[PDB]
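Trainee: Structure incoming, see below.
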Ligand code: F6C
Ligand code: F6C
Ligand code: CLA
Ligand code: CLA
Ligand code: CLA
Ligand code: CLA
Ligand SMILES: CC1=C(/C=C/C(C)=C/C=C/C(C)=C\C=C\C=C(C)\C=C\C=C(C)\C=C\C2=C(C)CCCC2(C)C)C(C)(C)CCC1
Ligand code: SF4
């Protein structure tokens, strides 16, 4: 039994935080 | 020059190789 | 000028397309950036390392999430020997119904890829059982990547930017990385094995909800503090134990049984736990060697600069001058990177060599395609890491080495007898190549003329003797571990040879990869491997030692690591830079790893066929390799799609061609050189300028790729084609032919 | 632009100036050699980097050296 | 049936929308953004 | 403005491009004793007239090659000059710089980019790390 | 004729002569003693 | 130059004549030409015969006739 | 002692190979020699092991013969090159072989091992490191 | 050194570093590199002569007579 719709959506929402932090780190390194 | 350190290290390594060969040729066990 | 690249005004003022290309090729060469200081360099590197760690964690999280979402982990648990693991689902909206049907397999109702990375076996061995656990791990790794990204951002803020002295403090870093990064991590992994992995392998569920009040051993922690450690080794798993069940399951948490678990044909989990406990203890002990803040401990600079051996006068360790080296390594990031890359390459080679012969994961030894893919993957990575180690050694020679601070030490002596070093490497390479190729073609001619008995077939007696000394009784030698009465086998003073029974059982097993039987073909291919290693080392060492200069170019150090040439004068100086030596050595590294992986794959294919005699009788001449390995095993790969239909190998069939395409493309970049293309581009520029209705116009003047850029692009195409072609062939010939 | 340097080993043989296809070099008075002249590169902005001057230089090692640097329209030899 | 792409996994419409988005919808705007970034005058 | 009559030429594809009108252009002027056939720098044959001739070119190398390898070497013409013309009409006579050919030593010419040492005494790059100076530019 | 003799001492001519002589020697050894192998040289025919 | 061209062309013609003579001689002395003429459809043409020194005589294919 | 290798005359696969052979100059006597003198593996083909105290002459004889021949060639070349150095035009003597000099060099190199030992003892074999052209470090 | 003397080159970047050359002439003026040395072997540019200063040479043999 694989994960459900809610788990996929929760993973997608959680992955936003590393994405934003990666953008912040990239812009800081570009400085 | 006799090269003391070089020849001592070389002889130690050669003695190790000879001992391995002697084990390998069933001279010693 | 343009804003891009921000780090180079010379490139920013370039009015041609080259400005873009070089901007990508020099972005991570922080030392050459405009207005770069050492402290800023170290801080930027530290933040970039945080970013790379975050990327690695995101990659692991993605693998876990895709397995938990579209894989068949739970179904694969119930039958690891007959269920194909699923990597991820396929969504290619331009498939036909035959392709959809062909790729719908492994119990799925949608097209899927078959996983060959072995992550299913790895997760199964370490106690993972449900898709929910994989999902939780993926979420945790997402959070960890976010944490490391935040740390990378934070340590760039003015109050948290470390000083140069913090980066230069070698002794505390060594202490912390030996005791904490290596030792404490190993102890934590042993704790995970004892508390989670072993109980799960014994059919008992242990998780975050109950691990606090579920002791891993009945004796508890009292046995450890009292000194009754032997209680942890009592009642191991029986030879009839069934993995992931309590049938035949023991209670010991730290044994030293040795050999393999009889059912899974892989290393005992308790043995691995005790291994990691011992490694943790050893590394924690090692992490207390150097002096940081309390007086006690060795000072590396003092050891390198020492000139007295208990009163006697010596030039240094082994009577060799090592003085001034502490500042040389400490101030040269390229030197440290060279050791780091060399160590990682050796470790990757060791991983490849020790994982197929001693599988650590349950049933992974019976997944032939997974074994082949893992071995080839880690060996090629090791080759790349070695090439990088020597390339950055050359970069150190050019950029960071200064003769006066290294006067008289061993590095200076190496630079001073570089000629002897290179000449002797060339001699070894010539001898190996001449005699190996001559014996190969002699055997080829004899077999072609119906005289296979006239082949020169040199027995690998030394390696066979080593195998016998390790316990292989097949060859008839009666030395060391193959002699039950030997001093080594009995271990007369203590008889603590608790490894010998299981180790001998694994060694003398005829159905595993532990010290495979070897003959003349193995001898010849090992000497070919030695030739490849020596030639690649010759190229890399000649590039590194001649990086500062040679008779042809006495002032090479003033031109940098990577430059095209020094013109057609003085006879011509094409490919004279050390970068060009690394470029040339990549070809030889690819050739050597091709030989190594060909040997491994053909031997294991013969073993898995039940046709070992084919390899034994055909590997002694090169036509045997050409016919019985490549031509014979390419049939299923090239029949993945044909005028009669398609099957699951179609992708490999296509990719096999794709690699062959990329390889071909590289030749165009490697044979044809710049001026031809520059003149052609000039003609095309005229054509565009004189054509009506073509309102477009270049903002960057189109020019042909530079000489060094062309070499790099050709090498990239060559390597990509090499890897893609061999990977497609490997997967198709192993998977389409076996389970 | 590229950088052209002249070292004190120059013998004033004028070969590098004659070999230059873009008139980067010229002979200037000097006292360090018998020929009483030395090469100079006042117009390195026009240097293409062909290294014909290095080929023409007879001294060992070279008395004139070309170091390729930032690329401009004229240093790339572009007619467009 | 095996005449179309389907998915037995949760939210099988997700590949249905994301493959076009990542591979032939967003890439051209991303290339345009990069082109604007690398061609900006100082 | 520059005086002189253009050589007889029926046209070709090796002439000027957008760079001539946008960035810069070059003009080579000379005087010949008679009308005679020469080779254009970018292919083709042209006829130089008896009076003073003026030729428009895209690169300075074209003018240098035409003046040296053809005008002096073959036609024994030594009065050729090369000017750089900018789009705004500003013109500078760039060859020869001071009215004397560069290969002939002339008084008043300063030493430019001269290094007061042999090439083997350049410092190692490890000396000048983060200092921004190249070994050949080191004092 | 002395020029012909000097020509006969050229490196290519001497190399060709030496290679031809060595090839003839090896060919005659193959014809007279076919099948010679390591562990068999200078041993009587059984 | 032209005289050199003429003499060298005569030399190359001599080389071609030597090659043609070799082909004809090998077809006259070391071939199965007569047997092939007897049975054109059942005999493989052959005009090169190898010596027997190192097992290369296996290259002497049974060409018929 | 190695047991996987047995004399070829006692190997059934080698016997099958012997019977199935063509009857030509190239097979009969070679097979008789291989059966009498060679050791065969499980595949029936002769194998050459370096793990036997016996038949050590079978290893040392070809090795010594090749070493002697190679040293002879090398010593002839070295002596000829050293003899041509004293000439005014050594390159002309390297594109034109000086027959008396080559014959003398060959005759002397007939005894190359003793000459090499004598040169090594007297320091004539090698040139010192400071009289050899080298590149800058 | 003087004309006819044999010298060993000490210039590190020279093709003839630690090699042997023959002095052809010495310039008596105050030029930087007055000694002219010829060599038996050519360098990579085909040149077999060069100019050196006195401190870049080591005399190994006096001129004949
Ligand atoms: C921009 C604009 C422009 C324009 C307009 O405007 C143009 C135009 C022309 C005319 C005139 C002619 C004819 C056409 C044809 O046929 O071919 C092409 C095709 C196509 C398709 C091209 C393309 C077109 C355009 C680009 C379109 C675009 C659109 C898209 C869609 C966009 C997209 C965007 C997104 C974001 C991605 C041509 C050509 C040529 N090209 Mg050329 N272009 C250009 C661009 C470009 C670039 C980038 C490059 C690099 C890759 C090149 C390249 C080339 C070569 C090699 C050649 C040849 O050979 C040809 C000729 O010369 O002949 C004679 N070139 N061109
Ligand atoms: C290195 C690698 C290698 C090696 C090593 O070792 C070898 C060896 C072998 C042996 C074992 C035998 C014999 C030995 C004798 O002869 O013995 C007598 C002599 C004496 C004892 C002694 C002699 C001495 C001498 C005379 C001295 C001189 C030498 C010279 C210097 C050389 C050089 C010269 C020139 C070449 C001209 C043989 C033989 C064969 N082969 Mg074999 N090799 C090889 C190579 C090769 C290649 C590439 C190819 C292709 C071409 C081939 C081919 C062939 C054929 C067909 C046949 C044959 O029938 C043979 C027989 O039977 O088998 C069994 N293979 N081989
Ligand atoms: C931890 C490993 C590590 C680290 C930190 C570095 C770091 C560095 N290397 Mg190095 N290197 C390594 C491993 C490493 N290398 C290995 C394993 C090799 C052997 C292949 C090399 C070979 C090498 C050479 C030959 C050179 C460097 C150079 C450099 C420096 C500048 C990087 C550069 O050119 O800009 C960034 C460069 C790139 C981004 C390259 C573009 C990508 C290439 C072409 C791969 C093609 C992409 C491929 C299709 C897919 C890859 C995955 C994709 C996601 C990109 C920098 C200090 C250069 C230097 O110092 O100049 C003096 C230099 O000349 N390295
Ligand atoms: C099949 C391809 C091939 C082969 C055989 C070689 C062979 C060789 N390479 Mg090489 N190389 C190749 C491809 C190849 N390369 C490619 C594609 C690259 C990337 C550009 C390189 C890059 C490279 C580098 C960078 C280096 C080499 C080196 C070497 C030599 C070391 C091995 C040796 O001495 O063995 C013994 C020699 C051989 C096997 C060569 C064949 C000898 C023949 C068979 C003898 C036949 C004699 C016969 C009478 C001739 C017939 C007459 C004829 C003249 C008409 C050797 C000559 C290294 C070197 O020179 O070290 C000394 C070195 O530094 N190569
Ligand atoms: C690096 C890890 C990684 C990798 C290589 C992949 C690979 C893939 N994913 Mg995926 N995915 C991941 C992590 C990863 N996933 C995570 C963590 C999630 C949960 C948020 C998802 C959720 C997800 C969905 C919902 C779908 C895919 C799909 C796919 C496939 C098509 C690509 C696509 O549409 O992307 C879609 C990707 C996302 C929606 C989010 C990706 C988030 C990751 C963490 C970004 C990683 C960035 C990377 C590290 C930076 C690269 C740097 C550069 C220098 C290389 C492809 C096999 C599709 C599929 O199954 O097709 C059949 C699909 O519909 N993924
Ligand atoms: C006078 C003959 C002679 C001698 C004594 C040596 C001696 C040596 N060579 Mg050498 N060499 C020679 C000729 C010779 N070479 C020629 C002609 C070539 C061009 C093909 C080379 C190419 C060469 C390379 C590329 C290398 C050596 C190396 C070496 C050293 C160890 C390996 C070896 O023995 O070479 C093995 C032999 C060869 C590789 C080929 C030589 C075979 C030729 C064809 C024989 C010529 C004989 C000559 C014509 C006799 C004429 C004399 C007559 C007038 C009386 C050693 C100092 C190696 C080294 O530096 O080791 C540290 C190395 O890497 N040599
Ligand atoms: C027992 C044996 C073995 C082994 C061996 C070994 C291991 C050896 C070693 C060896 C070594 C470890 C050596 C070393 C050396 C060194 C050196 C250093 C050398 C030198 C040389 C020289 C110098 C030479 C010279 C010459 C001559 C004499 C002649 C010719 C010419 C010339 C000049 C070349 C084997 C198995 C194989 C086989 C069987 C037997
Ligand atoms: S730099 Fe060289 S070519 Fe130019 S004048 Fe000096 S010695 Fe002559």
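For neighbour counting, all protein chains shown are included, and Cβ atoms are generated from backbone atoms with ideal geometry for every residue, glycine included. All of the numbers you see were taken from the coordinates with simple rules; none came from a lab.
Trainee: Between the alpha-carbon centers of chain E and chain G, tell me the distance in whole angstrom.
Mentor: The two parts, judged by their Cα centres, are 72 Å apart.
Trainee: Follow-up. What percent antiparallel are the DSSP beta bridges of chain C, to the nearest 5?
Mentor: Working: 6 of 8 bridges.
In chain C, DSSP labels about 75 percent of beta bridges as antiparallel.
Trainee: Can you compute the radius of gyration and Dmax for chain E, using only the Cα atoms, both in Å?
Mentor: Rg and Dmax of chain E, Cα atoms, are 16.8, 58 Å.
Trainee: Please work out the FRET efficiency for the pair residue A:16 and residue H:61, using the Cβ-Cβ distance as r and a Förster radius of 60 Å; give the result to the nearest 0.05.
Mentor: That pair, residue A:16 with residue H:61, gives E of 0.20.
Trainee: Taking the number of other C-beta atoms within 10 Å as the exposure measure, put D:72, C:672, C:536 in order starting with the fewest. Working shown, then result.
Mentor: Details: D:72 18, C:672 12, C:536 25.
Taking fewest neighbouring Cβ atoms as first place, the list is C:672, D:72, C:536.
Trainee: When Rg is the radius of gyration of the Cα atoms in segment C:134-234 and Rh is its Kirkwood radius, what does Rg/Rh come to?
Mentor: Rg divided by Rh gives 1.12.
Trainee: For segment C:200-316, compute Rg over Rh where Rg is the Cα radius of gyration and Rh is the Kirkwood radius from the inverse mean 1/r over Cα pairs.
Mentor: Numbers: Rg = 22.1 Å, Rh = 18.1 Å.
Reported Rg/Rh (Cα atoms, Kirkwood Rh): 1.23.
Trainee: Mind jotting down a quarter of the surface of the convex hull over the alpha carbons of chain H, in square nanometres, one decimal?
Mentor: In nm², the orientation-averaged hull projection of chain H is 6.7.
Trainee: Averaging over every viewing direction, what projected area does the convex hull of the Cα atoms of segment F:55-115 cover, in nm²?
Mentor: Values: hull surface 23.0 nm².
Computing the convex hull of the Cα atoms and averaging its projections yields 5.7 nm².
Trainee: Could you state the angle between the C-alpha long axis of helix I:99-109 and the longest principal axis of the C-alpha atoms of chain I, as a value from 0 to 90 degrees rounded to the nearest 10?
Mentor: 60
Trainee: Taking a point 7 angstrom from the Cα of residue C:263 along the C-beta vector, which residues in segment C:70-107 have backbone N less than 14 Å away?
Mentor: C:77-81
Trainee: Rounded, prolate or oblate: which fits segment C:1-136, taking a ≥ b ≥ c as square roots of the Cα gyration tensor eigenvalues, rounded meaning a/c under 1.5, else prolate when a/b beats b/c?
Mentor: Here segment C:1-136 falls in the oblate category.
Trainee: Based on alpha-carbon atoms only, what is the radius of gyration of segment C:589-666 relative to the globular estimate 2.2 N^0.38 Å?
Mentor: Cα Rg divided by the expected 2.2 N^0.38 Å: 1.25.
Trainee: I need the calculated FRET efficiency for the pair residue C:635 and residue C:285, taking r as the beta carbon distance and R₀ as 51 Å, to the nearest 0.05. It would help to have the intermediate numbers written out before the result.
Mentor: Values: r = 56 Å, r/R0 = 1.10.
Computed FRET efficiency for residue C:635 and residue C:285: 0.35.
Trainee: Starting from 0 in steps of 10 Å, tell me what percent of the Cα-Cα pairs of chain G lands in each bin.
Mentor: Over chain G, the share of Cα pairs per 10 Å bin runs 22, 31, 21, 15, 9, 1 percent.
Trainee: So, one more: What's the center-to-center distance, using Cα atoms, between segment C:428-461 and segment I:33-55 in Å?
Mentor: Measuring centre to centre over Cα atoms gives 16 Å.
Trainee: Mind checking the log10 I(q)/I(0) for segment C:614-739 at q = 0.11, 0.15, 0.18 Å⁻¹? Debye, one equal scatterer per Cα, no solvent, two decimals.
Mentor: Debye output, listed in q order: -0.62, -0.84, -0.98.
Trainee: What FRET efficiency do you get for residue B:28 and residue C:516 if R0 is 41 Å and r is their Cβ-Cβ distance, rounded to the nearest 0.05? Write out the running numbers ahead of the final one.
Mentor: Values: r = 29 Å, r/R0 = 0.70.
It comes out at approximately 0.90.
Trainee: Using the Kirkwood formula over every pair of different C-alpha atoms, what hydrodynamic radius in Å results for segment C:693-733?
Mentor: One decimal place: 13.3 Å for the Kirkwood radius.
Trainee: Can you compute the label reach from residue C:49? Point 7 Å from Cα along the Cβ direction, backbone N cut-off under 19 Å, restricted to segment C:123-147.
Mentor: Under 19 Å, as judged by backbone N against the label point of residue C:49, lie C:145-147 of segment C:123-147.
Trainee: Could you work out Rg/(2.2 N^0.38 Å) for the protein assembly as shown, with Rg from alpha carbons only?
Mentor: Against the empirical 2.2 N^0.38 Å value, I get 1.11 for the protein assembly as shown.
Trainee: How many Å³ per residue does the convex hull of the Cα positions in segment J:20-65 occupy?
Mentor: Once divided by residue count, the hull of segment J:20-65 is 92 Å³.
Trainee: Kirkwood Rh over alpha-carbon pairs of chain C, then Stokes-Einstein at 20 °C and 1.002 mPa s: what D in µm² s⁻¹, rounded to an integer?
Mentor: Value of D from the Cα-based Kirkwood radius: 71 µm²/s.
Trainee: For chain G, take the longest principal axis of its alpha carbons; what is the angle in degrees between that and the long axis of helix G:11-32, to the nearest 10 within 0 to 90?
Mentor: 20
Trainee: According to a simple spin-label model (label point 7 Å from Cα along Cα-to-Cβ), what is the distance in nm between residue A:29 and residue C:32?
Mentor: So the two model labels end up 1.9 nm from each other.
Trainee: What spacing in nm lies between the two simple spin-label points modelled at residue C:422 and residue C:157, each 7 Å away from Cα in the Cβ direction?
Mentor: 5.3
Trainee: Can you give me the Kirkwood hydrodynamic radius for chain D, using every pair of distinct Cα atoms, in Å to one decimal?
Mentor: Hydrodynamic radius (Kirkwood, Cα only) of chain D equals 12.7 Å.
Trainee: Find the percent of Cα-Cα distances in segment C:78-117 that exceed 16 Å, and round it to a whole number.
Mentor: 35
Trainee: Where the centroid of each part is defined by its Cα atoms, how far is segment C:300-370 from segment C:670-709 in Å?
Mentor: Each part's Cα centre sits 49 Å from the other's.
Trainee: Where does helix I:57-85 land angle-wise versus the long Cα axis of chain I, in degrees 0 to 90, nearest 10?
Mentor: So the helix axis and the longest Cα principal axis differ by about 20 degrees.
Trainee: Provide the three semi-axes, in whole Å and in decreasing order, of the ellipsoid equivalent to chain I as defined by the square roots of 5 times the Cα gyration tensor eigenvalues.
Mentor: Details: eigenvalues 476, 82, 41 Å².
After diagonalising the Cα gyration tensor, the semi-axes are 49, 20, 14 Å.
Trainee: With the alpha-carbon atoms as the only input, what is the per residue convex hull volume for segment C:472-542 in Å³?
Mentor: Numbers: hull volume 10.6 nm³, N = 71.
Output value, Cα hull per residue: 149 Å³.
Trainee: Could you work out the mean count of beta carbons from other protein chains within 10 Å of each residue's beta carbon in J:22-34?
Mentor: Shielding by partners across J:22-34 averages 3.
Trainee: Quick one: what does P(r) look like for segment C:413-555 with 10 Å bins over all Cα pairs, in whole %?
Mentor: Final binned percentages: 10, 24, 21, 21, 18, 5, 1.
Trainee: For a label point 7 Å from the Cα of residue C:508 along Cα→C-beta, name the residues of segment C:456-486 whose backbone N is under 18 Å from it.
Mentor: Counting only backbone N, you get C:465-486.
Trainee: Starting from the 7 Å offset along Cα-to-Cβ, what nm value, one decimal, do you get for the label separation of residue F:86 and residue C:168?
Mentor: The modelled label-to-label distance comes out at 4.8 nm.
Trainee: In the calculated pair distance distribution of segment C:471-625, what percentage of Cα-Cα distances lie above 23 Å?
Mentor: Tail of the P(r) past 23 Å holds 61 percent of the pairs.
Trainee: Where q = 0.16 Å⁻¹, what log10 of I(q)/I(0) comes from the Debye formula for chain F, counting one point per Cα?
Mentor: -0.87
Trainee: For peptide E:15-24, compute the average count of partner chain beta-carbon atoms within 10 Å of each residue's beta-carbon.
Mentor: Going residue by residue through E:15-24 and averaging, the value is 2.
Trainee: Follow-up question, since we're still on this one. On average, how much area does the Cα convex hull of segment C:382-471 cover when viewed from any direction, in nm²?
Mentor: Average projection, Cα convex hull of segment C:382-471: 10.5 nm².
Trainee: Dividing the alpha-carbon Rg of segment C:257-372 by 2.2 N^0.38 Å yields what?
Mentor: Computed over Cα atoms of segment C:257-372, the ratio equals 1.59.
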